[PDB]
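Student: so I pulled this structure from the PDB, and the sequence comes with it:
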Amino acid sequence: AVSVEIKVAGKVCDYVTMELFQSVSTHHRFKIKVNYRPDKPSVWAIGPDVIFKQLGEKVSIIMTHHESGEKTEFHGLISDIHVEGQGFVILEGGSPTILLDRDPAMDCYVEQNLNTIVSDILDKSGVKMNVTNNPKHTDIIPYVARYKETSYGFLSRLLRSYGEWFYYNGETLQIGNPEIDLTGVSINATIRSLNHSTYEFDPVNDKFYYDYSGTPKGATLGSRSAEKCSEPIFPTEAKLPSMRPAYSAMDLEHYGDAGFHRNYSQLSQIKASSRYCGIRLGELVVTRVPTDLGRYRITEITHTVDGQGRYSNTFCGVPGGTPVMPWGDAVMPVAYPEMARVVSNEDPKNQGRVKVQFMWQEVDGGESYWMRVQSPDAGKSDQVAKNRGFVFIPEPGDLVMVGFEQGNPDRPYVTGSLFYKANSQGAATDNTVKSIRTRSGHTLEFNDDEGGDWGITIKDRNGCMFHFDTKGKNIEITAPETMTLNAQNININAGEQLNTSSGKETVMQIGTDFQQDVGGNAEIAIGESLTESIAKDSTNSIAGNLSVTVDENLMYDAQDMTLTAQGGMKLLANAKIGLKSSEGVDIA
Amino acid sequence: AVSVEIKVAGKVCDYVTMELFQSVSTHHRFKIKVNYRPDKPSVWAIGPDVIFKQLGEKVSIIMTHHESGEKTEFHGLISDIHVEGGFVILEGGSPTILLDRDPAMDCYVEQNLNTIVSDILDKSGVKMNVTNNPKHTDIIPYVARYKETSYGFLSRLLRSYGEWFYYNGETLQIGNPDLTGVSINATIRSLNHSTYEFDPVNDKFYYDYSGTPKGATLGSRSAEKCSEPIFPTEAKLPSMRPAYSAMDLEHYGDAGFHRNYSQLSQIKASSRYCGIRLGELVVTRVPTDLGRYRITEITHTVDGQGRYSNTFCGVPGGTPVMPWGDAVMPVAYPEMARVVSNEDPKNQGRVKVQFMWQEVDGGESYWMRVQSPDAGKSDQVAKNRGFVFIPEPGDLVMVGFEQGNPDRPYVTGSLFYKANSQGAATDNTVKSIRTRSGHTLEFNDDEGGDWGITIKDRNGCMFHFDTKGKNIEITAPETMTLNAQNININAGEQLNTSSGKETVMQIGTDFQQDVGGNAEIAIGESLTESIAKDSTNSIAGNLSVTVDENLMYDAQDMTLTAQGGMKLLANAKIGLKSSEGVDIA
Amino acid sequence: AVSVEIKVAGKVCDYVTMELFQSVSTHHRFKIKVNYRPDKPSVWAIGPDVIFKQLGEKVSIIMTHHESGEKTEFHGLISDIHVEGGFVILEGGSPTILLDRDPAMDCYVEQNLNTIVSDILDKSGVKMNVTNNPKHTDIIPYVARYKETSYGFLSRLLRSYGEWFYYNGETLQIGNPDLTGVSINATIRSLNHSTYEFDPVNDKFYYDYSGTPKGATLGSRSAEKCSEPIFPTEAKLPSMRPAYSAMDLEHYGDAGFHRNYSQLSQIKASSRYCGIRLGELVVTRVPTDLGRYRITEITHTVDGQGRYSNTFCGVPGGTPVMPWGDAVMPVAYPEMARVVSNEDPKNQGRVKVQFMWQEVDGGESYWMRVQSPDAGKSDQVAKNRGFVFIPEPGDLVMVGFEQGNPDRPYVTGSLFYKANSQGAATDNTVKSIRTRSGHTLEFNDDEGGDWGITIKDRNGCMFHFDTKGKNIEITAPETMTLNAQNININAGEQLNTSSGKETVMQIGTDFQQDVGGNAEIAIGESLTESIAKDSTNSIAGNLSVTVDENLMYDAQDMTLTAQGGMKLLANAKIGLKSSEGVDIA
Amino acid sequence: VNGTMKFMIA
Amino acid sequence: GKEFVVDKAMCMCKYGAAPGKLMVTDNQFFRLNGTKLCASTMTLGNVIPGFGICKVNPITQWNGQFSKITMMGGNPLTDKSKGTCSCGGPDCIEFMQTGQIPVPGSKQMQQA
Ligand SMILES: [Zn+2]
């Protein structure tokens, strides 16, 4: 009925049994039992080697229906060879994506779309495959991380998390929607909850995206009966976060509708079998019992031929018209804090984000996208619109601890910084030093050594210093250049002696009265001339004696001069006493 | 001797094969193969779609024993249907099964097990009889449903508290309510285990050691005796469930110990008896006794020929707690949330946040502590030593979970998103600490610009450190006061004093002024000077005084001595009034 | 031609069937079906509990080949017993099975593999011979046993360092010491892989590319050549375990490469010969040479008829490292700990903490890095640039784990629990930074109260920005010094100077005092003024000098010039005393 | 010049 | 009394018919009206052509002086003072011009 021909490296294979599993969400896998005729040399004569040199060789499986002429063709590679025994060989392998699932590695992609990511992943591998790279989501993804995943694992998780069809069609690896009797039919229906919603907070845009359950696209009659039965069972809305980061409202809408349609496809399905090789993967089949059971899209199919040559066929189907293919073979990774190095902080969005380089980018170079830096205090207020709290953005070259929001490697952030070897002198003796230092040398330091330099210090590199001496209970303010005090009122109160000392000159400018009240003696010593000028009357009152001793001449000038003594006057001179006047002298 | 009758939505079901698994620790599951007679319309005549309207319908299985009269009744719902060609397969189970298909987020703040269970059961449309009688009636400060279905969350929470939680055939029970082949098994297990839990709210280290057996079959005692010498070292584990009191950890440890001890020796048997049902004690006699062996799992099997078979498993009767099994503990990873309050009634600096899942519909967490870069106490501080910056309502916080428990959240930090922050300054030259009132401590590292440190507030006070110019500027819009025992103003160059109004100098004792050179004084108004004792002046050069107006000198005795000549010149008369005369010598 | 003798506690066992499984990567496991003859008392006469007493009893299995005379010897202990109805089934396995039943916390600080292995085996009550000769004799700073049994911890730790760790049938070996059917298999595997590891303590980056093979057969070389062009891009991965040197990562990458390479081609085989033993080398020949293989696992089966069969698998001989097998890496989550010291001998700001599981019995960890909100270095600072507040002993910290590794702990932050925190202020008013002495930088945001900033210590010195009053207060208990080249004291309204005892103006060169208004001086005692040069005084108004006592003037030449009249008034005589003459013109 | 003046009694 | 008697003051005796001029020698210290020695009560004796010839038949007292000035044991003379003579009678010598000539200066050349 069906003739199956297998060609290994272009040569027709003599097989006894063959199994071939194909799926739109999992590797195709073939297992072929090769016959070795007694006349030809046996497997032991050829050897384990020579036989093992067929690893990676192409395998072509062509299944032909003689009655209808329809052909199913599959091209794959060999990944396993078993030589056991009169002695035969087991050729195991499948779609070339099998050899894409063996290289777990760490990598990242910055500001790239799905097309470029898939092209780069497939270019870095040595497996040869025709590729139809047509993803629907054409937007640039800010950051994607490959976290200990194989090439196939990373690509599968990334593409299926975006709703993109990603499967081997038997000849080419297809990304994106392709836009394309029975013997053991079996229809099943299950109770599934369609009352679910997804959420995602975007801090770069400060938006809370919310998506509720969408509308069915591909639904059979059993699907509708199952949906009707399940509607009363789940009256509460199940809220879940997005497994994949969402950067826009439309992005979350697409994520949510992909999830809803996966659920609705699992609402009811078909499990059929036949002996017809024209039933292909990813195609539509209208199933009839001997009448219509619904149109179903084939998601997986197992073509097989036993020893007698009796071809058989068995397949799974989802309601035809489902926009998204089943989620299978894909597992989202879980990421844990990693040490990294800051490479930049010139954030274009001006949000305090930094760009770091992980430890797996140390040798060959590279950097991440912009990630938030966690702060002990951060926020805003009515008086402080922006940048409230602790704002210390890391400098390039800083060793940092990078945590991951939720478990997602695509959601990294800086949890903090580390003092390892190249930037730490450690704690002082018994700690005792707690300092905030910037890159210019601005120091805000507390010294707790009560037997040493106990106190507080605010200083700069140039020499400005402001010191609390707790042991001595002193305060010092030092400016190498000018120091200026400005206030409406200045109050310099000293409980003991007050000292003022200028190196050059003390200049005292008073715009109004000058009150000086001395409770004790006054001692003025002037090393040069004293010049005094009064714009009005000068009054002096002395309760004791007045003694003025002048070494050189004394001169007094006035308009009228009255010298009245309550006791006696004595004018003593050594040369002369002249009382010349222009009007005469009178004794009265 | 057993007859089985199955009713689907009250109508007798014609079946060929029946299967029924029941457990005190997981779902009950049945699988009924329904016969379709050739004369009646086939399944395809009805269609899969009309056979699918039976989803969610009630299935009653009654197996009766003809001799003894003991019957066992089971009530469940249909979850899966398979129309295979043609017959129908009804794969359903207990209503509990329909509670395990809706993973979600939720949180319960300061509620007991009874209220949480009732709320979970009221949020689902699947209805069944419940007996909500948990033994732990205390309120739990915080329980979190983390990516969990209703049944998964309930099972984890109730088994974590040592409570019975199972379908009994007709009712979801929460809280403690001949033979063919026998297989009694014994194993070597460790009874030398302890649990620890530190509670920081009350500052207490709860520690529980392994307890004492209650239900001990002779085989379990034999296994325990054989196991004692094997594990001489006590194995310490943390509590996967938060404990808020010493008695709480005592109960948790006892439940764990009983779960461990019940596994030392167990039974598994088979029969054809309907009296043997789930959760009950059966004295096992060899076809002399073997033990009490409360039934934990039981399988009812009916083949096409009509023979009823029974297989069950038994845990030693008298074991207080039931097997863990279905219960699974979730693992939590850092989340983002918003601070809604910082008004901890216990005054420990804890905050209450609102996670992203409780944003559209509202809600808030319990009190969780905020991690600090520096936190502690000392002899001279004893409280709040370190970095104490409690987040304000509205802040965006990264919330972490101690261990992996979603019920142990703590604020790891705060985040600067689009709304919160402007970016770093050019070349990241600004490093600031600011509070909500506008207080600022800023370091500016831009050596080409405003390099220096600044302590300022929003009203105008400032303590700028101009590093480029090596200057210090202290500015106050109002009075500035300098208080000390001794104050020294030391200027290496010109020192300047200014005042827009009067300058007042108050010296309590003697005042000293030493000037190295010239002393220039300019007074724009009258000068008044008062001296309470004698005034002494010594001029080493000339003394010159010029008075524009009249000069007056009054004293008791006036002595004018000249080492040269004395000259009195006037443009008018020179008076020489004297009450006692004038002497010339 | 193989006879098998089974001895349970030294007594010959009458066994119906036997299965035995030996492996170099997992447990040995046997299953013996002991026969009970009709003439002897049945298992129910004896009683399962009495039969259970055989838990932990030694079992010896000797399989001897009659023609060759070779013997295979196994010594294990019974772990499970199943009395089925009757017969008994013993599932004991190797003694390492009883070492895999006690998960616990533990830590080993500055120990080598030999000491850790000896400690683990000494703490257990399973007596077995051990050849503890691990190749890696260097000490390891920190090893954490996290929710791991003794065997599981030992397995993962010894297979992380590439050591052989397996039971040989009579001894627990740590470190390197005619077929019926056959099946040789080849696989495509990637040898283009590399390992990386950053050491922050040594500030180094360790990179190890894939090594070179030792144990390669023809199939291994063929598979390697076939898979060479399929993986052109190298896959970088981090080390599962920490590496503290370049040679350490070389060893880790070598073990990984050899484990990967050994699976390129492997063998499975069947036999009936008791000369093929676990961990031995056999030459596989077609009953023409398939290669030399090391037996990694082997099964010994005796059926009811007594016929002995053999199934085993082999890795290419010459392979240095055995399969990963039971070894599994644990995943750690944030814990709480207490800092016990911070005296880091490497002077890297690291702290030493004690976890909650090592609290009752004491114990510490190794030094761990402390996370900082700001940390790094610059050209000017070059060390300790950022936020350096090292935790103090007694602090409650949250300990995170780098990656998932329990052996890579670090301090995430400090916690304010009941004893650490006292609570936020009114509406969360006070934001403070305090050290252990009492130094306090405080921001008070209560605009209705003590709004403002404060820098203070516990001895009295204070710097207060009073934002409500717009004032600045600087208080020093003893002395306040102001040093600068130029000091300006600019008062908008008032400059008040007050001194308790003395005001001392020490002017360097010149004194300038410009008064815009009145000058009022009140001197409470004597005034003493000295001038070293001239003394000029200009008065535009009236000059009054009223002396209550005697007035004395001394000079060389005295001239009094009155532009009007001069008056000499006295109540007593006026003395005009000279030497060369008195002229009253 | 001022010349000379008279010393008399007021 | 109004003025003070100085050296070379014009004076006459009540008998001698010649207006002689006073001579001051006891004072070398107290000058006034320029450089004219002041006459005191110690200007006694031949302190004066002593009025030409005597005519008593055809200095010991200086009463009338100013008592508020003491110039070294003596008091200054006044325009109303009268002197005696041992050869004559009491209060015989009088004064008309007391030797004080006011020379006018720049101030006195503005008031005219
Ligand atoms: Zn005469």
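Tutor: Yep, it's here. Numbering: from 1, shown residues only, chains lettered A, B, ... in the order given.
Student: hey, let's count contacts and neighbours off CA atoms from now on
Tutor: OK.
Student: contact residues of chain E facing chain C?
Tutor: E:28, E:29, E:30, E:31, E:32, E:33, E:34, E:35 (Cα under 8 Å from any Cα of the partner chain).
Student: restricted to helices, list these.
Tutor: Of the residues of chain E next to chain C, none are assigned to helices by DSSP state H.
Student: spell out which parts of chain D neighbour chain E.
Tutor: Proximity of chain D to chain E, by Cα under 8 Å from any Cα, involves residues D:1, D:2, D:3, D:4, D:5, D:6, D:7, D:8, D:9, D:10.
Student: please repeat the previous calculation with a cut-off of 7 Å.
Tutor: Residues of chain D that fall close to chain E, judged by Cα under 7 Å from any Cα of the partner chain: D:1, D:2, D:3, D:4, D:5, D:6, D:7, D:8, D:9.
Student: of the residues of chain E next to chain C, which pair is most distant in space?
Tutor: E:28 and E:33 (14.5 Å; Cα to Cα).
Student: so which of those two has more stuff around it?
Tutor: Between residue E:28 and residue E:33, counting by other Cα atoms under 10 Å in any protein chain shown, residue E:33 is the more crowded of the two (26 against 13).
Student: for the nearest residue to residue A:168 once chain neighbours are set aside, list each beta-bridge partner.
Tutor: On the basis of Cα to Cα, 6 or more residues apart in numbering or on different chains, the spatially nearest residue to residue A:168 that is not a chain neighbour turns out to be residue A:174, at 6.0 Å. Beta bridges link residue A:174 to residue A:132, residue A:167 when assigned by DSSP bridges.
Student: what sits against residue A:174?
Tutor: By Cα atoms under 7 Å, 6 or more residues apart in numbering or on different chains, the contact set of residue A:174 is A:131, A:132, A:133, A:166, A:167, A:168.
Student: look up the closest residue to residue A:20, ignoring the ones flanking it.
Tutor: Spatial nearest neighbour of residue A:20, chain neighbours left out: residue A:30 (4.3 Å); criterion: Cα to Cα, 6+ apart.
Student: with only the CA atoms kept, save the one helix or strand that neighbour maps to in CSV.
Tutor: Residue A:30 belongs to strand A:29-34 when elements are defined using DSSP states H and E. The C-alpha trace of strand A:29-34 is given here as CSV (Å, rounded to 0.1, in the frame of the first residue of the first chain):
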residue,chain,number,x,y,z
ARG,A,29,13.3,11.2,15.6
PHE,A,30,13.9,8.3,13.3
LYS,A,31,15.1,4.8,14.4
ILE,A,32,16.1,2.5,11.5
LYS,A,33,17.1,-1.1,11.8
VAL,A,34,19.6,-1.9,9.0
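Student: enumerate the positions of the helix or strand following it that are buried.
Tutor: Counting by DSSP H and E, the next helix or strand C-terminal to strand A:29-34 is helix A:43-46. Buried positions in helix A:43-46, judged by neighbour count with 16 or more other Cα atoms under 10 Å in any protein chain shown: A:43, A:44.
Student: give me the number of residues near the closest residue to residue A:119 other than its chain neighbours?
Tutor: With Cα to Cα, 6+ apart as the criterion, residue A:119 has its nearest non-adjacent residue at 7.6 Å, and that residue is residue A:133. Using other Cα under 10 Å, residue A:133 has 16 other residues around it.
Student: and residue A:133, what does it touch?
Tutor: Taking Cα under 7 Å, 6+ apart, we find residue A:133 in contact with A:115, A:174, A:175.
Student: for the most centrally placed residue in chain D, list the residues it contacts.
Tutor: Central residue of chain D (Cα atoms, centre = their mean): residue D:5, 1.9 Å from the mean position. Contact partners of residue D:5, counting by Cα under 7 Å, 6+ apart, are A:582, A:583, A:584, C:585, E:33, E:102, E:103.
Student: out of the residues of chain D next to chain E, grab the one that's most surrounded.
Tutor: Scoring the residues of chain D next to chain E on neighbours with other Cα under 10 Å, the highest-scoring entry is residue D:7 at 27 neighbours.
Student: now chain D against chain B: closest residue?
Tutor: Closest to chain B within chain D is residue D:10: 8.4 Å, counting by Cα to the nearest Cα.
Student: count of neighbours near the residue lying closest to that residue once chain neighbours are set aside?
Tutor: Nearest non-adjacent residue to residue D:10, counting by Cα to Cα, 6+ apart: residue A:588, 4.2 Å away. For residue A:588, the tally of surrounding residues (other Cα under 10 Å) stands at 14.
Student: one more: residue E:55?
Tutor: Neighbour count for residue E:55, taken as other Cα under 10 Å: 13.
Student: for the residue of chain E at minimum distance from chain D, grab phi and psi.
Tutor: Going by Cα to the nearest Cα, chain D is nearest to residue E:105 of chain E, at 4.1 Å. Residue E:105 has phi and psi values of phi -100, psi -160 when expressed as degrees, to the nearest 10.
Student: which of the three states applies to residue A:78?
Tutor: strand (DSSP: H, G, I helix; E, B strand; the rest coil).
Student: rewinding a little: gap between the residue nearest to the centre of chain D and residue E:7?
Tutor: 15 Å (Cα to Cα, to the nearest Å).
Student: again with residue A:578
Tutor: To residue E:7, residue A:578 is 18 Å away according to Cα to Cα.
Student: what do you get for residue E:95?
Tutor: Relative to residue E:7, and taking Cα to Cα, residue E:95 is found at 12 Å.
Student: ok, residue A:94 next?
Tutor: In terms of Cα to Cα, residue A:94 sits 158 Å off from residue E:7.
Student: neighbour-wise, which of the two wins?
Tutor: Legend: neighbour count by other Cα under 10 Å for residue A:94 and residue E:7, higher for residue A:94 (27 against 23).
Student: ok, and the closest non-adjacent residue to the more buried one?
Tutor: Once flanking residues are discounted, residue A:94 sits nearest to residue A:29: 4.1 Å by Cα to Cα, 6+ apart.
Student: narrow the contacts of residue D:5 to just the buried residues.
Tutor: With burial judged by 16+ other Cα under 10 Å, the buried subset of these is A:582, A:583, A:584, C:585, E:33.
Student: would you list these in a markdown table and tack on distance to residue E:90?
Tutor: Compiled in a markdown table, the buried ones among the contacts of residue D:5 are given as follows (distance: Cα to Cα, whole Å):
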| residue | distance to residue E:90 |
| --- | --- |
| A:582 | 39 |
| A:583 | 37 |
| A:584 | 33 |
| C:585 | 32 |
| E:33 | 29 |
